[PDB]
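Visitor: Just the structure for this:
(chains A and B, ligands or ions: 8)
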2 protein chains.
Amino acid sequence: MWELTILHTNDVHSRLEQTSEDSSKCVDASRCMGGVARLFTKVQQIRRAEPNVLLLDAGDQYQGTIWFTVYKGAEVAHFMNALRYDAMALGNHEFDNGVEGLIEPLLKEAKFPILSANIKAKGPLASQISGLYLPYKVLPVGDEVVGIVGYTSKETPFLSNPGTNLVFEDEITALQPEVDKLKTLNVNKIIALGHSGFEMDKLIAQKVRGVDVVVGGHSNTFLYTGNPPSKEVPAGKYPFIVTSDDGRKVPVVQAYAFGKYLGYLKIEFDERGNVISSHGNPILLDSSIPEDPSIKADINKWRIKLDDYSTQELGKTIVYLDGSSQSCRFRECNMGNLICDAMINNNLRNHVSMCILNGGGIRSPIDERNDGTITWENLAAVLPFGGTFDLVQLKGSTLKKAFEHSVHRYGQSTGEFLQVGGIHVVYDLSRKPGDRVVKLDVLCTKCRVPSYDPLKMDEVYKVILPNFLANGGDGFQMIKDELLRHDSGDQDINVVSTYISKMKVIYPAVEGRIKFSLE
Amino acid sequence: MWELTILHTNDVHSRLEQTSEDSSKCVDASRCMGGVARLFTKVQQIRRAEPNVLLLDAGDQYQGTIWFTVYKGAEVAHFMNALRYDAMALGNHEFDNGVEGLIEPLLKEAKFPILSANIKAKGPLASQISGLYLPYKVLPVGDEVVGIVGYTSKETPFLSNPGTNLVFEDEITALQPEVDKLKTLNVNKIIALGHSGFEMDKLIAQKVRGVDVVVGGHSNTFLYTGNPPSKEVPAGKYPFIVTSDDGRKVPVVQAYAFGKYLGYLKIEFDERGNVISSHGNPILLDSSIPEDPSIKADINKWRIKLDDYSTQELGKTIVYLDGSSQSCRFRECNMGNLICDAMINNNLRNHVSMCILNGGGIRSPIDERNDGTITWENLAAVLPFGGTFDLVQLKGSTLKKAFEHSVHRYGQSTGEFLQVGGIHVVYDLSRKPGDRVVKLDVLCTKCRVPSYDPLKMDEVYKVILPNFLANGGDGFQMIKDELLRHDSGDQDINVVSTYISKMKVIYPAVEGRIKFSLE
Ligand SMILES: O=P(O)(O)CP(=O)(O)OC[C@H]1O[C@@H](n2cnc3c(NCc4ccccc4)ncnc32)[C@H](O)[C@@H]1O
Ligand SMILES: O=P(O)(O)CP(=O)(O)OC[C@H]1O[C@@H](n2cnc3c(NCc4ccccc4)ncnc32)[C@H](O)[C@@H]1O
Ligand SMILES: [Ca+2]
Ligand SMILES: [Ca+2]
Ligand SMILES: [Zn+2]
Ligand SMILES: [Zn+2]
Ligand SMILES: [Zn+2]
Ligand SMILES: [Zn+2]
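Guide: Residues are numbered from 1 along each chain as shown, chains lettered A, B, ... in the order given. Ligands and ions are numbered 1, 2, ... in the order given. You can find the structure just below:
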């Protein structure tokens, strides 16, 4: 009878410091959460208590706050090394600054194995990257060994910039022979640690023979057993049990995002590495857990370089700028309207009138209680990808297809839900996918007084949108394929910063741009 | 058989210069209309042709452009004297600068009789004002005499600032004994010239025994016989015939507004002053009629003082700013939304969120074709009254009553139709007056993310509105009576000027703030 305690994080997205409850900047310290100094305190407390502990990360440490914009991964290596992570799997945002932005800051500086079994490197890169990441690592834990097999989303080429020299194979196809290899080496306890989403995690648990546990990320899945401690609503019980094809009960875990919770699963293994049982729950890293003074002091040393991005007040908001995924991927959110209003206002500085913006590109809210202040830092967490707001010419039929795409698989917190400007769209979700747009009115351009008229399929419209959408991101293949004209635009954060400075005080509202009908 | 040609103007509202087709500033001179130099040319041409001519004005020369803001009536006297008007009746806007603003600039300087039979002066004013205006004037016309009896809206106390020392009697009650007096003096041809609206004009024609003709104003009524020459749609035939209670066919005339048309009625009288017949039509004063070089040259001399209000460009519009009555008293107009958006933006510079604005207070459009320029002059014609945008606290029931008032007598081009900000109102005109508001949603204040929720009768709301409305103007007695708090605000034009300067380029749209339902 051998008990293993798995501590896990995922999709931390540069939340090195403690944050507000919604993962935005900490203002009121007495009610802040997460951060690596607080995470250190709980991890310490568990290592003291439990003899067999593994601290794992399921990817997406990269991208999210001014920390990454400035340290570009050097902070991830340093603070993950200080927390003494046992292993990390590569996520899609680890490739946002290319392979050289992964290699030099993180891979060459981590003191723990970084893992991906379905990433194969070819051409000139094959020689460089060899050994910097591994398909698995066999880790000594007490008197035993635990094998950890990594995996990264098959669709990382479409989500990031891994380059042409890396091949992302199907997770299951790539994992099975590595799991078999570990078994032939008598590694009888195997953890699949990776970054492909809860749905793939469940499939791996079902299909990859020999995997005892799956620790995932990518879908920001919150699982819980009992009454939850904060605003996140559970998608299922923690752990989520999958019965594999060979009949084993396989626990599947995920721990939301932003370092708000520490995943915690206790596994009771028998002497042959069979899972007899498991139990646990994500630990909310709230104000009650003190921040470790040593990590805190070191965070404060690294925080000095970032304070030049917090001194200049760009403007002021008198409203909560709702950039949460719970809003922005499900309904009209005022952060969306603000961003689309800045996009449109910038383009005129000629006239285009319409704006579409993927809800998933809104990576954070902004709080109004700090005397309403808005800084470059506040904005860098909302728009971290360094994209541009481009002008495009589209047929009405193309736009109808994009709005059908916006809600084709509604209800799953997917980033393709569009925020708009100069568009009044009505959806009926009782209708079949591809036929849910019941009204779509657009602001006229060939008119002296602008007003809303129904969209015409045979007409052409000028639309300002992120380059991510113009390139067919979030499955908007129809935009990239069918567009008639594409012009590169201005940097996304500079556009919003410029608008907020011109306005001085902002108060964007939810005003009926996107509605749902269920008569 | 004696023929009289009556030339008449009304509601000229300081359009001393020629204007665009919509009565806004002239930009493209080749298609401009009206103005006193062009009016002089047609009046001249008719005086040459016809031996018996009277040039009459039915009031409201005062208020409308930078001309009045600066010359305060001195320009009205000078250019009416140069046009050689035979008589003018007092309108309600002649009292906008009090009785001293009427007396000194216009009354003491006009070389023609200024008339009002239903205005009686009491107290200290009675001595001052005696003889400066008259109830009637008997005018020699060729070998005959024509009597002209004046009248001014009974409701001028509620519309302007005539003061407590002037009494406005019922028009019919005051006119009858003056008409009888003229008959006893064997004045057998009588014109009623006044400023009370087409509906009162028709009543006077019906009820005042001995009136041969009624020449009115105040309702900007356009009458025409045949196919009309411009965008104004006729309210009836020109002249409009009323059969009086004693059985006479009495012609009633009006000539729209802004000096765009010159009223023209030929009356065939018999030797006892009976009207045998009449005919005519308003003459459109378009580009084809040349501007008189002498009046034009004199207009250009007086235009130098006003050019300091045209040099500074406040901002720019890329949309036609529809401030027409045809829009703003009938539906959501983008000039209304712009003005309400400036009102709301100014008040925050705390937060209130809602705005109501009487459509009649929007006194002109602004054109975008002049490279989109907006000047103090452009704005002074939209907002000429020198009012303030005040903060008020109202019960929801009060606001419901105001929106019911907005459309209680819809379809008559009345100024009480409200333009809004932070309100989504739906009207159903098939319903009975006092019950046409089918939806009224308002932008929440006690919420972190503003959104539209139905108005509650028992709740209280903060509303920015013109002081004209806070004082119960346009019959909004419920606002003045029921309001819980009233704070004096900032000057109306300075508020809009400030907003346009902050925005640099404006593009207000018609966006569904006010809708009509007829399912
Ligand atoms: O993204 P996670 O893995 O954390 C999974 P999530 O569910 O929290 O968020 C998914 C959503 O984020 C959005 N997203 C993601 N990366 C985006 C991007 N650039 C990336 C990038 C490309 C190349 C070079 C550098 C940088 N630009 C715009 N939207 C993006 C997109 O809307 C997607 O549906
Ligand atoms: O007004 P006309 O006689 O030309 C008749 P119209 O049909 O063209 O316009 C009528 C509409 O104009 C509007 N109006 C009129 N005078 C207004 C005002 N101040 C006046 C004033 C009071 C006291 C001291 C100085 C100045 N403030 C605001 N709206 C006003 C009102 O909405 C009304 O229904
Ligand atoms: Ca096992
Ligand atoms: Ca007569
Ligand atoms: Zn992520
Ligand atoms: Zn991811
Ligand atoms: Zn008038
Ligand atoms: Zn009037």
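
Visitor: what's the neighbour count on residue A:302?
Guide: For residue A:302, the neighbour count with other CB atoms under 10 Å in any protein chain shown is 17. C-beta coordinates here come from the backbone N, C-alpha and C atoms, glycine included.

Visitor: Also residue A:464?
Guide: 28.

Visitor: Now for it: which residues touch it?
Guide: Taking CB atoms under 8 Å, 6 or more residues apart in numbering or on different chains, we find residue A:464 in contact with A:340, A:343-344, A:347, A:352, A:354-355, A:389-392, A:421, A:489.

Visitor: just residue A:129 next, same as before
Guide: A:99, A:103, A:107, A:121, A:166.

Visitor: Might one say that the second one is in contact with residue A:133?
Guide: No: using CB atoms under 8 Å, residue A:103 is not in contact with residue A:133; the gap is 9.3 Å.

Visitor: Export only the CA atoms of the helix or strand hosting residue A:393, formatted as PDB.
Guide: Here residue A:393 sits within strand A:388-395, counting by DSSP states H and E. The C-alpha trace of strand A:388-395 is given here as PDB (Å, rounded to 0.1, in the frame of the first residue of the first chain):
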ATOM      1  CA  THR A 388      -3.100  44.000 -34.600                       C
ATOM      2  CA  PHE A 389      -6.700  45.300 -35.300                       C
ATOM      3  CA  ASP A 390      -6.900  44.800 -39.100                       C
ATOM      4  CA  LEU A 391      -9.300  46.100 -41.800                       C
ATOM      5  CA  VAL A 392     -11.100  43.500 -43.900                       C
ATOM      6  CA  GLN A 393     -13.700  43.500 -46.700                       C
ATOM      7  CA  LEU A 394     -16.300  40.700 -46.400                       C
ATOM      8  CA  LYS A 395     -19.400  39.500 -48.200                       C
END
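
Visitor: quick one: the residue nearest to residue A:35 when sequence neighbours are not counted and residue A:384, what's the gap?
Guide: Closest residue in space to residue A:35, ignoring its immediate chain neighbours: residue A:18 at 3.4 Å, by CB to CB, 6 or more residues apart in numbering or on different chains. The spacing between residue A:18 and residue A:384, counted by CB to CB, to the nearest Å, is 19 Å.

Visitor: Now render the contacts of residue A:129 as CSV, adding distance to ligand 1, secondary structure and neighbour count.
Guide: Putting these into CSV (distance: CB to the nearest ligand atom, whole Å; DSSP: H, G, I helix; E, B strand; the rest coil; neighbours: other CB atoms under 10 Å in any protein chain shown) gives the following:
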residue, distance to ligand 1, secondary structure, neighbour count
A:99, 12, coil, 20
A:103, 16, helix, 18
A:107, 18, helix, 18
A:121, 18, strand, 19
A:166, 13, strand, 21
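
Visitor: Okay, domains of chain A per the record?
Guide: Domain segmentation of chain A under curated CATH domains yields A:1-312, A:313-519.

Visitor: which one of those domains lies closest to residue B:415?
Guide: In terms of CB to CB, the element of those nearest to residue B:415 is domain A:313-519, at 20.2 Å.

Visitor: Please see if that closest one touches ligand 1.
Guide: Yes: judged by CB under 6 Å from any ligand atom, domain A:313-519 and ligand 1 are in contact via A:358, A:360-361, A:385, A:387, A:414-416, A:468, A:474.
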